[PDB]
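Engineer: Handing over protein05.txt, compact mmCIF, C-alpha atoms and all ligand atoms.
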```txt
# COMPACT_ATOMS: atom_id res chain seq x y z
CA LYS A 9 0.00 0.00 0.00
CA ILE A 10 1.51 3.31 -1.15
CA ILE A 11 -0.09 6.53 -0.15
CA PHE A 12 1.07 9.82 -1.61
CA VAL A 13 0.72 12.82 0.64
CA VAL A 14 0.78 16.10 -1.27
CA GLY A 15 0.11 19.73 -0.17
CA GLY A 16 1.90 23.05 0.01
CA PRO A 17 4.83 24.10 2.21
CA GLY A 18 3.55 24.18 5.78
CA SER A 19 0.17 22.72 4.85
CA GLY A 20 0.58 20.11 7.56
CA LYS A 21 1.64 17.02 5.64
CA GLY A 22 4.27 15.91 8.20
CA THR A 23 1.97 16.43 11.13
CA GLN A 24 -0.79 14.33 9.59
CA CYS A 25 1.63 11.66 8.53
CA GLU A 26 2.99 11.26 12.09
CA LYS A 27 -0.58 10.76 13.41
CA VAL A 28 -1.11 8.15 10.70
CA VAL A 29 2.01 6.28 11.88
CA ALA A 30 0.78 6.21 15.50
CA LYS A 31 -2.67 5.00 14.64
CA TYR A 32 -2.17 2.83 11.56
CA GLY A 33 1.39 1.79 11.75
CA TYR A 34 2.34 2.81 8.20
CA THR A 35 5.90 3.79 7.33
CA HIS A 36 6.35 7.59 6.96
CA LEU A 37 8.98 8.59 4.39
CA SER A 38 9.55 12.24 3.93
CA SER A 39 11.50 13.44 0.83
CA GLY A 40 12.55 16.56 2.75
CA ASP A 41 13.86 14.48 5.73
CA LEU A 42 15.79 12.18 3.49
CA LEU A 43 17.39 15.11 1.65
CA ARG A 44 18.28 16.84 4.92
CA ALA A 45 19.93 13.63 6.18
CA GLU A 46 22.13 13.73 3.09
CA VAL A 47 23.00 17.38 3.81
CA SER A 48 23.84 16.32 7.39
CA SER A 49 26.26 13.65 6.31
CA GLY A 50 28.63 16.38 5.10
CA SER A 51 28.95 14.87 1.61
CA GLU A 52 29.61 16.98 -1.48
CA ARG A 53 26.16 15.90 -2.74
CA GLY A 54 24.74 17.25 0.56
CA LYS A 55 26.36 20.61 -0.14
CA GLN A 56 24.73 20.81 -3.53
CA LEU A 57 21.35 19.79 -2.13
CA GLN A 58 21.70 22.30 0.77
CA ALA A 59 22.18 25.14 -1.76
CA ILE A 60 19.12 24.13 -3.81
CA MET A 61 16.84 23.69 -0.70
CA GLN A 62 17.97 27.04 0.80
CA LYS A 63 16.71 28.71 -2.35
CA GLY A 64 13.32 26.90 -2.22
CA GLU A 65 13.87 25.07 -5.51
CA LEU A 66 13.16 21.49 -6.53
CA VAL A 67 16.02 18.98 -6.18
CA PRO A 68 16.39 16.80 -9.37
CA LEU A 69 14.05 13.86 -9.72
CA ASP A 70 16.91 11.34 -10.03
CA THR A 71 18.32 12.15 -6.57
CA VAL A 72 15.01 12.41 -4.72
CA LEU A 73 13.49 9.30 -6.22
CA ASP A 74 16.68 7.26 -5.53
CA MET A 75 16.44 8.25 -1.86
CA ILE A 76 12.75 7.42 -1.62
CA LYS A 77 13.34 4.04 -3.28
CA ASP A 78 16.44 3.45 -0.99
CA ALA A 79 14.23 4.18 2.08
CA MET A 80 11.33 1.94 0.91
CA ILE A 81 13.67 -1.00 0.32
CA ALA A 82 15.24 -0.56 3.75
CA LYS A 83 11.73 -0.82 5.32
CA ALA A 84 10.23 -3.38 2.98
CA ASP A 85 10.22 -6.34 5.34
CA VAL A 86 8.45 -4.45 8.15
CA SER A 87 6.02 -2.17 6.33
CA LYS A 88 2.33 -2.76 5.91
CA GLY A 89 2.11 0.45 3.91
CA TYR A 90 3.98 3.64 3.03
CA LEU A 91 3.16 7.28 3.38
CA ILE A 92 5.24 9.15 0.84
CA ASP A 93 5.32 12.72 2.14
CA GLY A 94 6.39 15.47 -0.24
CA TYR A 95 6.88 13.27 -3.29
CA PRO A 96 5.69 13.65 -6.01
CA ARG A 97 6.01 17.40 -6.59
CA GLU A 98 5.62 17.40 -10.34
CA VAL A 99 3.85 15.03 -12.80
CA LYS A 100 7.10 13.50 -14.09
CA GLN A 101 7.98 12.50 -10.46
CA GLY A 102 4.77 10.52 -10.20
CA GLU A 103 5.34 8.85 -13.57
CA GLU A 104 8.92 7.79 -12.77
CA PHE A 105 7.87 6.54 -9.37
CA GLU A 106 5.21 4.35 -11.07
CA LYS A 107 7.82 3.07 -13.59
CA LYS A 108 10.42 2.26 -10.97
CA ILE A 109 8.45 1.31 -7.81
CA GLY A 110 4.65 0.97 -8.10
CA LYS A 111 1.30 2.82 -8.29
CA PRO A 112 -0.19 4.70 -5.38
CA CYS A 113 -3.53 3.54 -4.05
CA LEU A 114 -4.50 6.88 -2.51
CA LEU A 115 -3.37 10.48 -2.73
CA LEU A 116 -4.11 12.56 0.37
CA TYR A 117 -4.28 16.18 -0.68
CA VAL A 118 -3.54 18.31 2.42
CA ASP A 119 -5.19 21.52 1.36
CA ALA A 120 -4.33 24.80 3.11
CA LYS A 121 -4.65 28.44 2.08
CA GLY A 122 -1.58 30.26 0.88
CA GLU A 123 -1.79 32.81 3.72
CA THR A 124 -2.08 30.07 6.36
CA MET A 125 1.04 28.39 4.97
CA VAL A 126 3.09 31.63 5.06
CA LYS A 127 2.02 32.15 8.70
CA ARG A 128 2.77 28.63 9.78
CA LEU A 129 6.22 28.64 8.23
CA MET A 130 7.12 32.11 9.48
CA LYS A 131 6.24 30.93 12.97
CA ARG A 132 8.19 27.68 12.57
CA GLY A 133 11.16 29.59 11.28
CA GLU A 134 11.07 31.99 14.25
CA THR A 135 10.88 28.94 16.55
CA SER A 136 13.10 26.17 15.19
CA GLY A 137 15.18 28.17 12.66
CA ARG A 138 15.02 25.64 9.61
CA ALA A 139 17.07 27.56 7.06
CA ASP A 140 14.46 27.53 4.25
CA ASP A 141 11.80 29.03 6.63
CA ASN A 142 12.65 32.60 5.98
CA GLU A 143 10.32 34.93 4.28
CA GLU A 144 11.90 35.09 0.87
CA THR A 145 12.39 31.37 0.58
CA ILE A 146 8.81 30.72 1.88
CA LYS A 147 7.47 32.85 -0.92
CA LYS A 148 9.49 30.92 -3.55
CA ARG A 149 8.43 27.57 -2.13
CA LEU A 150 4.78 28.59 -2.20
CA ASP A 151 5.02 29.97 -5.75
CA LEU A 152 6.67 26.77 -6.94
CA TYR A 153 4.00 24.70 -5.23
CA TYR A 154 1.26 26.54 -7.16
CA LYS A 155 3.10 26.12 -10.43
CA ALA A 156 4.64 22.60 -10.40
CA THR A 157 2.83 20.61 -7.69
CA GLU A 158 -0.75 21.46 -8.35
CA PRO A 159 -0.80 19.61 -11.71
CA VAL A 160 0.13 16.44 -9.76
CA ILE A 161 -3.28 16.72 -8.05
CA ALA A 162 -4.96 16.80 -11.49
CA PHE A 163 -3.08 13.77 -12.75
CA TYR A 164 -4.24 11.79 -9.76
CA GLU A 165 -7.78 13.17 -10.09
CA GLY A 166 -7.68 11.58 -13.52
CA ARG A 167 -6.56 8.40 -11.98
CA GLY A 168 -9.40 8.69 -9.46
CA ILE A 169 -7.45 8.45 -6.17
CA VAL A 170 -7.35 11.94 -4.65
CA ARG A 171 -9.00 12.64 -1.32
CA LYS A 172 -8.83 16.18 -0.11
CA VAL A 173 -8.49 17.07 3.57
CA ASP A 174 -9.15 20.52 4.90
CA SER A 175 -5.93 21.49 6.60
CA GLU A 176 -7.31 24.87 7.78
CA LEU A 177 -9.04 22.92 10.58
CA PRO A 178 -7.44 22.11 13.88
CA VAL A 179 -4.91 19.27 13.70
CA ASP A 180 -7.13 16.65 15.22
CA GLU A 181 -10.08 17.59 13.01
CA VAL A 182 -7.97 17.29 9.88
CA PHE A 183 -6.91 13.86 11.19
CA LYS A 184 -10.55 12.77 11.35
CA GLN A 185 -10.74 13.43 7.60
CA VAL A 186 -7.48 11.66 7.02
CA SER A 187 -8.69 8.70 9.03
CA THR A 188 -11.94 8.53 7.01
CA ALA A 189 -10.04 8.28 3.83
CA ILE A 190 -7.71 5.63 5.05
CA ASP A 191 -10.56 3.59 6.75
CA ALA A 192 -12.47 3.62 3.44
CA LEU A 193 -9.69 1.78 1.65
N1 LIG K 201 9.77 15.66 -4.13
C1 LIG K 201 10.70 16.64 -4.17
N2 LIG K 201 11.28 17.00 -5.29
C2 LIG K 201 12.18 17.93 -5.32
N3 LIG K 201 12.59 18.59 -4.24
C3 LIG K 201 12.12 18.27 -3.05
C4 LIG K 201 11.15 17.23 -2.95
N4 LIG K 201 10.81 17.09 -1.66
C5 LIG K 201 11.53 17.96 -0.98
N5 LIG K 201 12.30 18.69 -1.82
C6 LIG K 201 13.23 19.79 -1.43
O1 LIG K 201 13.24 19.85 -0.01
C7 LIG K 201 12.68 21.08 0.46
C8 LIG K 201 11.92 20.81 1.75
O2 LIG K 201 10.82 19.91 1.47
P1 LIG K 201 9.96 19.42 2.76
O3 LIG K 201 10.68 19.12 3.99
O4 LIG K 201 9.06 18.58 1.99
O5 LIG K 201 9.31 20.87 3.24
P2 LIG K 201 7.91 21.41 2.67
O6 LIG K 201 7.04 20.69 1.73
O7 LIG K 201 8.16 22.82 2.38
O8 LIG K 201 6.96 21.11 3.86
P3 LIG K 201 7.22 21.24 5.45
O9 LIG K 201 7.60 19.90 5.83
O10 LIG K 201 7.81 22.59 5.55
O11 LIG K 201 5.61 21.41 5.80
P4 LIG K 201 4.55 20.29 6.12
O12 LIG K 201 3.42 20.49 5.17
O13 LIG K 201 4.98 18.94 6.44
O14 LIG K 201 3.95 20.90 7.48
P5 LIG K 201 4.16 20.49 9.05
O15 LIG K 201 3.30 19.34 9.30
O16 LIG K 201 5.59 20.42 9.21
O17 LIG K 201 3.47 21.76 9.66
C9 LIG K 201 3.82 23.14 9.35
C10 LIG K 201 3.67 23.94 10.67
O18 LIG K 201 2.27 24.16 10.91
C11 LIG K 201 1.82 23.43 12.04
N6 LIG K 201 0.53 22.85 11.73
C12 LIG K 201 0.34 21.74 10.95
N7 LIG K 201 -0.96 21.50 10.80
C13 LIG K 201 -1.60 22.47 11.48
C14 LIG K 201 -2.97 22.74 11.77
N8 LIG K 201 -3.90 21.97 11.28
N9 LIG K 201 -3.26 23.84 12.50
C15 LIG K 201 -2.30 24.61 13.03
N10 LIG K 201 -1.01 24.39 12.85
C16 LIG K 201 -0.63 23.34 12.09
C17 LIG K 201 2.91 22.47 12.37
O19 LIG K 201 2.96 22.32 13.75
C18 LIG K 201 4.17 23.17 11.88
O20 LIG K 201 4.58 24.18 12.82
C19 LIG K 201 11.78 21.51 -0.70
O21 LIG K 201 11.50 22.89 -0.63
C20 LIG K 201 12.70 21.15 -1.88
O22 LIG K 201 13.82 22.01 -2.03
```
Here is the file; what I need is its structure written in the form of structure tokens.

Structural biologist:
Amino acid sequence: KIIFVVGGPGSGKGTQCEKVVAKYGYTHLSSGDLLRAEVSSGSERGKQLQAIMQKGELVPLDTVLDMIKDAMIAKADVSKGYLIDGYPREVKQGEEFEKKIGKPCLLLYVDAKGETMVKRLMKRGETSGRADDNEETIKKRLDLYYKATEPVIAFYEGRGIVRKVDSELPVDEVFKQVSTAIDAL
């Protein structure tokens, strides 16, 4: 079972995914976490990825998809399903995933307003300092989300597997909608 979780920067994808892990026991893989682990290793690749992420741009498909596949294989013997958080972010990412790994059975669209996202991320940046959570980068991330990631939602509407959750609600209320969608599989 492969669930794609897609939504804008600060929409709440990670938060929902962690609640899914606690209740359903799925494996949460986050493209952003995997990339940041590479940056942390101090590799030369990590330095290149750090520069791209600091600017709010997309890392190349080849690198991100390798790391997702790497992480899925590492968990394959224990997982009863996967939550793929933050991948895909463009239609070609979904297609290559389906070529190289498998088809998703559900896409959870974590839908938040643009203003709400800016506020959440500005607050998180003030708190925890994540280097891409500054105002300029937030704006680029959000603009790129509108442009590149929204057509992913359409693709999977065509496929018939998108379920939208209202991420303007409180966290637990969103999670009731998430749980409905997952229970109905
Ligand atoms: N597939 C890909 N291809 C190419 N490049 C890629 C890639 N994936 C990653 N990258 C690169 O890596 C970078 C980082 O990607 P990534 O780490 O994916 O960051 P992102 O998508 O910008 O999303 P965040 O994780 O910032 O937000 P989130 O939606 O999970 O929200 P959270 O739950 O944390 O919550 C946000 C805040 O709001 C709070 N909150 C959450 N829900 C609610 C709620 N309902 N009410 C109130 N507060 C809430 C949370 O507590 C938190 O403080 C990308 O910009 C790109 O450069």

Engineer: What is the CA of residue 163 (chain A)-atom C1 of ligand LIG 201 (chain K) distance in Å, reported with one decimal?

Structural biologist: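 Going from CA of residue 163 (chain A) over to atom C1 of ligand LIG 201 (chain K), I get 16.5 Å.
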
Engineer: Contacts between ligand LIG 201 (chain K) and chain A, please, where a residue of chain A counts if it comes within 7 Å (with all atoms listed in the file); show its shortest atom pair and distance in Å to one decimal, rows by chain and ascending number, as a Markdown table.

Structural biologist:
```
| residue | atom | partner | partner_atom | distance |
| --- | --- | --- | --- | --- |
| A:15 | CA | K:LIG201 | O12 | 6.3 |
| A:16 | CA | K:LIG201 | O6 | 5.9 |
| A:17 | CA | K:LIG201 | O7 | 3.6 |
| A:18 | CA | K:LIG201 | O11 | 3.5 |
| A:19 | CA | K:LIG201 | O12 | 4.0 |
| A:20 | CA | K:LIG201 | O15 | 3.3 |
| A:21 | CA | K:LIG201 | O12 | 3.9 |
| A:22 | CA | K:LIG201 | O13 | 3.6 |
| A:23 | CA | K:LIG201 | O15 | 3.7 |
| A:24 | CA | K:LIG201 | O15 | 6.5 |
| A:38 | CA | K:LIG201 | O4 | 6.6 |
| A:39 | CA | K:LIG201 | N4 | 4.5 |
| A:40 | CA | K:LIG201 | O3 | 3.4 |
| A:41 | CA | K:LIG201 | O3 | 5.9 |
| A:43 | CA | K:LIG201 | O1 | 6.5 |
| A:60 | CA | K:LIG201 | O22 | 6.0 |
| A:61 | CA | K:LIG201 | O22 | 3.7 |
| A:64 | CA | K:LIG201 | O21 | 4.7 |
| A:65 | CA | K:LIG201 | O22 | 4.6 |
| A:66 | CA | K:LIG201 | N3 | 3.7 |
| A:67 | CA | K:LIG201 | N3 | 4.0 |
| A:68 | CA | K:LIG201 | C2 | 6.0 |
| A:69 | CA | K:LIG201 | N2 | 6.1 |
| A:72 | CA | K:LIG201 | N2 | 5.9 |
| A:93 | CA | K:LIG201 | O4 | 7.0 |
| A:94 | CA | K:LIG201 | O4 | 4.7 |
| A:95 | CA | K:LIG201 | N1 | 3.8 |
| A:96 | CA | K:LIG201 | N1 | 4.9 |
| A:97 | CA | K:LIG201 | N1 | 4.8 |
| A:128 | CA | K:LIG201 | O18 | 4.6 |
| A:129 | CA | K:LIG201 | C10 | 5.9 |
| A:131 | CA | K:LIG201 | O20 | 7.0 |
| A:132 | CA | K:LIG201 | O20 | 5.0 |
| A:149 | CA | K:LIG201 | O21 | 5.8 |
| A:175 | CA | K:LIG201 | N8 | 5.1 |
| A:176 | CA | K:LIG201 | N8 | 5.7 |
| A:177 | CA | K:LIG201 | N8 | 5.3 |
| A:178 | CA | K:LIG201 | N8 | 4.4 |
| A:179 | CA | K:LIG201 | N8 | 3.8 |
| A:182 | CA | K:LIG201 | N8 | 6.4 |
```

Engineer: Measuring between only C-alpha atoms, which one of A:172, A:100, A:111, A:127 shows the shortest distance to residue 156 (chain A)?

Structural biologist: A:100

Engineer: Under the rule that all atoms listed in the file are counted, which of A:25, A:10, A:166, A:75 is the nearest residue to residue 187 (chain A)?

Structural biologist: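 Ranked by minimum distance to residue 187 (chain A), first place goes to A:25.
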
Engineer: So which residues are close to (8.0, -1.6, 0.4), meaning at most 12 Å away in the file's coordinates with all atoms listed in the file counted, and can you show them as number ranges by chain?

Structural biologist: A: 9-11, 34-37, 76-92, 109-112

Engineer: When you count all atoms listed in the file, which of these residues is closest to residue 98 (chain A): A:193, A:45, A:150, A:161?

Structural biologist: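 Comparing A:193, A:45, A:150, A:161 against residue 98 (chain A), the winner is A:161.
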
Engineer: May I ask you to restore N, CA, C and O atoms in region 43-69 of chain A and write the result as a PDB file, in the frame of the given file?

Structural biologist:
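Below is the file that was written, out.pdb:
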```pdb
ATOM      1  N   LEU A  43      16.416  14.140   2.260  1.00  0.00           N
ATOM      2  CA  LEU A  43      17.390  15.110   1.650  1.00  0.00           C
ATOM      3  C   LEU A  43      18.232  15.787   2.735  1.00  0.00           C
ATOM      4  O   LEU A  43      19.461  15.963   2.597  1.00  0.00           O
ATOM      5  N   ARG A  44      17.561  16.254   3.785  1.00  0.00           N
ATOM      6  CA  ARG A  44      18.280  16.840   4.920  1.00  0.00           C
ATOM      7  C   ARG A  44      19.279  15.879   5.614  1.00  0.00           C
ATOM      8  O   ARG A  44      20.288  16.333   6.125  1.00  0.00           O
ATOM      9  N   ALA A  45      19.000  14.594   5.667  1.00  0.00           N
ATOM     10  CA  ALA A  45      19.930  13.630   6.180  1.00  0.00           C
ATOM     11  C   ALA A  45      21.180  13.577   5.297  1.00  0.00           C
ATOM     12  O   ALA A  45      22.310  13.496   5.816  1.00  0.00           O
ATOM     13  N   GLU A  46      20.994  13.637   3.977  1.00  0.00           N
ATOM     14  CA  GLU A  46      22.130  13.730   3.090  1.00  0.00           C
ATOM     15  C   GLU A  46      22.949  14.973   3.328  1.00  0.00           C
ATOM     16  O   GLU A  46      24.163  14.851   3.400  1.00  0.00           O
ATOM     17  N   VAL A  47      22.316  16.109   3.509  1.00  0.00           N
ATOM     18  CA  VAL A  47      23.000  17.380   3.810  1.00  0.00           C
ATOM     19  C   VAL A  47      23.797  17.201   5.116  1.00  0.00           C
ATOM     20  O   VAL A  47      24.989  17.514   5.172  1.00  0.00           O
ATOM     21  N   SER A  48      23.173  16.568   6.113  1.00  0.00           N
ATOM     22  CA  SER A  48      23.840  16.320   7.390  1.00  0.00           C
ATOM     23  C   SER A  48      25.057  15.431   7.348  1.00  0.00           C
ATOM     24  O   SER A  48      25.865  15.490   8.236  1.00  0.00           O
ATOM     25  N   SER A  49      25.157  14.554   6.377  1.00  0.00           N
ATOM     26  CA  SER A  49      26.260  13.650   6.310  1.00  0.00           C
ATOM     27  C   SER A  49      27.564  14.375   6.015  1.00  0.00           C
ATOM     28  O   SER A  49      28.589  13.790   6.109  1.00  0.00           O
ATOM     29  N   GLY A  50      27.478  15.606   5.556  1.00  0.00           N
ATOM     30  CA  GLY A  50      28.630  16.380   5.100  1.00  0.00           C
ATOM     31  C   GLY A  50      29.212  16.033   3.741  1.00  0.00           C
ATOM     32  O   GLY A  50      30.243  16.576   3.383  1.00  0.00           O
ATOM     33  N   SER A  51      28.537  15.171   2.976  1.00  0.00           N
ATOM     34  CA  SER A  51      28.950  14.870   1.610  1.00  0.00           C
ATOM     35  C   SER A  51      28.916  16.068   0.707  1.00  0.00           C
ATOM     36  O   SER A  51      28.182  17.023   0.942  1.00  0.00           O
ATOM     37  N   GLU A  52      29.636  15.957  -0.418  1.00  0.00           N
ATOM     38  CA  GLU A  52      29.610  16.980  -1.480  1.00  0.00           C
ATOM     39  C   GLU A  52      28.201  17.026  -2.097  1.00  0.00           C
ATOM     40  O   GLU A  52      27.718  18.108  -2.407  1.00  0.00           O
ATOM     41  N   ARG A  53      27.571  15.868  -2.318  1.00  0.00           N
ATOM     42  CA  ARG A  53      26.160  15.900  -2.740  1.00  0.00           C
ATOM     43  C   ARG A  53      25.288  16.732  -1.749  1.00  0.00           C
ATOM     44  O   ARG A  53      24.439  17.572  -2.142  1.00  0.00           O
ATOM     45  N   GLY A  54      25.491  16.497  -0.459  1.00  0.00           N
ATOM     46  CA  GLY A  54      24.740  17.250   0.560  1.00  0.00           C
ATOM     47  C   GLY A  54      24.903  18.719   0.418  1.00  0.00           C
ATOM     48  O   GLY A  54      23.947  19.470   0.576  1.00  0.00           O
ATOM     49  N   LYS A  55      26.117  19.174   0.058  1.00  0.00           N
ATOM     50  CA  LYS A  55      26.360  20.610  -0.140  1.00  0.00           C
ATOM     51  C   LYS A  55      25.611  21.173  -1.317  1.00  0.00           C
ATOM     52  O   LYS A  55      25.089  22.296  -1.260  1.00  0.00           O
ATOM     53  N   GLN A  56      25.517  20.405  -2.397  1.00  0.00           N
ATOM     54  CA  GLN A  56      24.730  20.810  -3.530  1.00  0.00           C
ATOM     55  C   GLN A  56      23.226  20.847  -3.203  1.00  0.00           C
ATOM     56  O   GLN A  56      22.492  21.817  -3.545  1.00  0.00           O
ATOM     57  N   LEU A  57      22.764  19.861  -2.483  1.00  0.00           N
ATOM     58  CA  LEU A  57      21.350  19.790  -2.130  1.00  0.00           C
ATOM     59  C   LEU A  57      20.982  20.928  -1.124  1.00  0.00           C
ATOM     60  O   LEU A  57      19.877  21.538  -1.194  1.00  0.00           O
ATOM     61  N   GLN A  58      21.896  21.191  -0.183  1.00  0.00           N
ATOM     62  CA  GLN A  58      21.700  22.300   0.770  1.00  0.00           C
ATOM     63  C   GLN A  58      21.482  23.619   0.016  1.00  0.00           C
ATOM     64  O   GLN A  58      20.535  24.360   0.334  1.00  0.00           O
ATOM     65  N   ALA A  59      22.307  23.906  -0.996  1.00  0.00           N
ATOM     66  CA  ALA A  59      22.180  25.140  -1.760  1.00  0.00           C
ATOM     67  C   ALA A  59      20.857  25.202  -2.448  1.00  0.00           C
ATOM     68  O   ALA A  59      20.295  26.286  -2.525  1.00  0.00           O
ATOM     69  N   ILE A  60      20.370  24.087  -3.032  1.00  0.00           N
ATOM     70  CA  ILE A  60      19.120  24.130  -3.810  1.00  0.00           C
ATOM     71  C   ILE A  60      17.928  24.357  -2.825  1.00  0.00           C
ATOM     72  O   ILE A  60      17.010  25.142  -3.101  1.00  0.00           O
ATOM     73  N   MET A  61      17.963  23.664  -1.694  1.00  0.00           N
ATOM     74  CA  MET A  61      16.840  23.690  -0.700  1.00  0.00           C
ATOM     75  C   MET A  61      16.755  25.077  -0.048  1.00  0.00           C
ATOM     76  O   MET A  61      15.669  25.586   0.139  1.00  0.00           O
ATOM     77  N   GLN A  62      17.924  25.694   0.195  1.00  0.00           N
ATOM     78  CA  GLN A  62      17.970  27.040   0.800  1.00  0.00           C
ATOM     79  C   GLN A  62      17.313  28.003  -0.076  1.00  0.00           C
ATOM     80  O   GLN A  62      16.831  28.963   0.435  1.00  0.00           O
ATOM     81  N   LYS A  63      17.366  27.813  -1.397  1.00  0.00           N
ATOM     82  CA  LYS A  63      16.710  28.710  -2.350  1.00  0.00           C
ATOM     83  C   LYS A  63      15.238  28.387  -2.602  1.00  0.00           C
ATOM     84  O   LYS A  63      14.635  29.041  -3.443  1.00  0.00           O
ATOM     85  N   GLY A  64      14.693  27.340  -1.953  1.00  0.00           N
ATOM     86  CA  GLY A  64      13.320  26.900  -2.220  1.00  0.00           C
ATOM     87  C   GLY A  64      13.059  26.231  -3.544  1.00  0.00           C
ATOM     88  O   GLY A  64      11.954  26.256  -4.012  1.00  0.00           O
ATOM     89  N   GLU A  65      14.084  25.677  -4.220  1.00  0.00           N
ATOM     90  CA  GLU A  65      13.870  25.070  -5.510  1.00  0.00           C
ATOM     91  C   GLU A  65      13.732  23.546  -5.389  1.00  0.00           C
ATOM     92  O   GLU A  65      14.104  22.954  -4.369  1.00  0.00           O
ATOM     93  N   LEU A  66      13.298  22.933  -6.478  1.00  0.00           N
ATOM     94  CA  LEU A  66      13.160  21.490  -6.530  1.00  0.00           C
ATOM     95  C   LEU A  66      14.571  20.853  -6.732  1.00  0.00           C
ATOM     96  O   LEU A  66      15.290  21.287  -7.595  1.00  0.00           O
ATOM     97  N   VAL A  67      14.902  19.857  -5.917  1.00  0.00           N
ATOM     98  CA  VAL A  67      16.020  18.980  -6.180  1.00  0.00           C
ATOM     99  C   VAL A  67      15.671  18.068  -7.375  1.00  0.00           C
ATOM    100  O   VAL A  67      14.531  17.766  -7.584  1.00  0.00           O
ATOM    101  N   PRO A  68      16.647  17.684  -8.180  1.00  0.00           N
ATOM    102  CA  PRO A  68      16.390  16.800  -9.370  1.00  0.00           C
ATOM    103  C   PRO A  68      15.757  15.486  -8.982  1.00  0.00           C
ATOM    104  O   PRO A  68      16.081  14.889  -7.913  1.00  0.00           O
ATOM    105  N   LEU A  69      14.857  15.043  -9.863  1.00  0.00           N
ATOM    106  CA  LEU A  69      14.050  13.860  -9.720  1.00  0.00           C
ATOM    107  C   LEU A  69      14.973  12.672  -9.421  1.00  0.00           C
ATOM    108  O   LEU A  69      14.672  11.873  -8.534  1.00  0.00           O
TER     109      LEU A  69
END
```
